[PDB]
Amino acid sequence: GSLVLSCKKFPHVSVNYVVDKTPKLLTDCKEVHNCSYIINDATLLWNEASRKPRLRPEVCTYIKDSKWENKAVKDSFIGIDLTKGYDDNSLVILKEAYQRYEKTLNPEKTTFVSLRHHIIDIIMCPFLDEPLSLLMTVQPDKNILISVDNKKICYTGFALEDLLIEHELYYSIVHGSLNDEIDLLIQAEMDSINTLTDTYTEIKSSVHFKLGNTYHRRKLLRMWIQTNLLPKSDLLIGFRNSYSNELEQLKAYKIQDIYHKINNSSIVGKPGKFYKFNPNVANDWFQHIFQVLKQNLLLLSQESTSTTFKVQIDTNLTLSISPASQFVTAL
């Protein structure tokens, strides 16, 4: 019924490996549906009916020209205290998205269905000092559903998005191939669209980067995995002054740009434990546990009455799978 399996010796490229072009985590990755969820109307508007959050035009223009139209516009973003005014269910949508796209899945492969956050968590295991715990359900159609079960920093993040974007949430449902045996159907929340480039733009709040600092290398790698799992997507980072909390600089990054910042023949020269946060090793790890997870969840599910399993991964990359009660549903 259960399984304990070490995955620490997973096949992977040298920790110092450098290649100029960023690798792709998924192949043939595409957006298959999108939807806006108006929370108070308990309504999902799909595709042509959804409302795409627009990245402010002054901001799209700033990104395109690498310069502000004028002082008035620049002073509406740069210098603003992202801390002003601080003293103040997702699994349901994934399942509707699955129902809408199921007929289109590849019956010859196992598809993992999940919110993007959990795919990122799984790829991040070798780069973290905390373990991972998730639920993975082998559905009767044999596809697998993944699920689960600092206030100031998080708030300046909402303020930054608030300031750059013209409640409600927006989601892109993407499909991609990981293996000759595995596909992924992922749900991702998109902060906005750059209307000039028709490109999703994910907004991140940050203090200037200190490569060398473990926390920042983790964030940069996560950022890279985050956009790399999508078909088209750019990053827009708002750096704030550490002391004043004022937005000091806005900087756009394409996937190749975040990639280059974390993979060079120069950054790879410094010592480090977590596989030196190499995006290429993350990619190898990605290819590995997903194949291990697929083979094993399928094997265990035939020989069991349980369709749901607790999936765990040590900080030593030891994988643990045990059946969860057939009388318990995690929503």
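Just count from 1 along the sequence shown to find any residue number.
According to the entry, the deposited sequence has no residues without coordinates between residue 108 and residue 109, so the chain runs continuously there. The modelled chain breaks between residue 166 and residue 167, where 4 to 9 residues of the deposited sequence lack coordinates. The PDB entry records a higher mean C-alpha B factor for 79-87 than for its counterpart among 129-137 and 79-87. Comparing 231-239 with 68-76, the stretch with the higher mean C-alpha B-factor in the PDB entry is 68-76. For the set 287, 305, 280, 34, the PDB entry puts the maximum C-alpha B factor at 305. Ranked against the other modelled residues of its chain, the C-alpha B-factor of residue 176 as given in the entry falls in the lowest third.
Sort the modelled residues of the chain by CA B factor and residue 183 lands in the lowest third.
Per the deposited record, the Cα B-factor of residue 149 falls in the highest third when ranked against the other modelled residues of its chain. When the modelled residues of the chain are ordered by their C-alpha B factor, residue 291 lands in the lowest third.
Annotation for residue 195: C-alpha temperature factor in the highest third relative to the rest of the modelled chain, per the entry.
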